[PDB]
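Before any comments, here is the structure.
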Amino acid sequence: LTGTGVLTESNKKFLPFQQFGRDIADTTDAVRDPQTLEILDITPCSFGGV
Amino acid sequence: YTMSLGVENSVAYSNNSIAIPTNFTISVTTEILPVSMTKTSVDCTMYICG
Ligand SMILES: *[C@@H]1O[C@H](CO)[C@@H](O[C@@H]2O[C@H](CO)[C@@H](O)[C@H](O)[C@H]2NC(C)=O)[C@H](O)[C@H]1NC(C)=O
Ligand SMILES: *[C@@H]1O[C@H](CO)[C@@H](O[C@@H]2O[C@H](CO)[C@@H](O)[C@H](O)[C@H]2NC(C)=O)[C@H](O)[C@H]1NC(C)=O
Ligand SMILES: *[C@@H]1O[C@H](CO)[C@@H](O)[C@H](O)[C@H]1NC(C)=O
């Protein structure tokens, strides 16, 4: 699963089998790190119209 | 069911009878009108390609 975003700590609790996470719009927002079993919230990099 | 347009009311018409109200009701009714939508913008290149 590849992309761009800002990775922060998340208070969501994944079930142990789950790896990825998706929101209402079916876009990735959290992924579980394969090395250390922690859940990183992926918010998109702060784009905007100039 | 076959819908009923409204309840029957045969107005008592005649050539020399008039109905004059002896009272009144002050009625307040609401009308809801949309005015604006959510202002959305798209980065077309970023949407199509990332
Ligand atoms: C004025 O008079 C007419 C008849 O003289 C009334 O009309 C009747 O109204 C009743 C109930 O409203 C009905 O059951 C009758 O069938 C009606 N008759 C006719 C010939 O229409 C009328 O209601 C009266 N209006 C007022 C404000 O009193
Ligand atoms: C006209 O209608 C109003 C109500 O639509 C009447 O006011 C009511 O009067 C009765 C007794 O007179 C009271 O018990 C109610 O509390 C009153 N209602 C309100 C909302 O104030 C009024 O009396 C009527 N007038 C005539 C001349 O018929
Ligand atoms: C993988 O290695 C890391 C670092 O030593 C460790 O924290 C983790 O428990 C190991 N096992 C799994 C299943 O991630």
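Residue numbering restarts at 1 for every chain of the structure tokens, chains are lettered A, B, ... in their displayed order, and ligands are numbered from 1 as they appear.
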
Residues of chain B within 9 Å of chain A, counting only C-alpha atoms, as a tab-separated table (two decimals) with C-alpha atoms, in the first residue's frame:
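Final file, result_13.tsv:
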chain	number	residue	atom	x	y	z
B	41	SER	CA	-13.06	23.16	-5.38
B	42	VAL	CA	-11.00	20.44	-7.04
B	43	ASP	CA	-7.33	20.15	-7.93
B	50	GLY	CA	-2.03	12.29	-7.33

Closest-contact table, chain A side, partner ligand 3, 9 Å, counting only C-alpha atoms and all ligand atoms, as a Markdown table:
| residue | atom | partner | partner_atom_place_in_ligand_line | distance |
| --- | --- | --- | --- | --- |
| A:33 | CA | ligand 3 | 14 (O) | 8.3 |
| A:34 | CA | ligand 3 | 14 (O) | 5.8 |
| A:35 | CA | ligand 3 | 14 (O) | 4.5 |
| A:36 | CA | ligand 3 | 7 (O) | 4.9 |
| A:37 | CA | ligand 3 | 14 (O) | 6.0 |

Residues of chain A classed as strand (DSSP E) by DSSP on the backbone are to be reported as a PyMOL selection string. chain A and resi 6-9+20-22+28-32+39-43

Neighbourhood of ligand 1 at 12 Å, counting only C-alpha atoms and all ligand atoms, reported as an MDAnalysis selection string: chainID B and resid 8:14 16:22

May I ask you to write as a PyMOL selection string all residues lying at most 8 Å from ligand 2, with only C-alpha atoms and all ligand atoms counted? chain B and resi 22-25

Quick one: residues within 9 Å of residue 46 in chain A, only C-alpha atoms, excluding same-chain residues fewer than 2 positions away - as number ranges by chain? A: 5-6, 43-44, 48
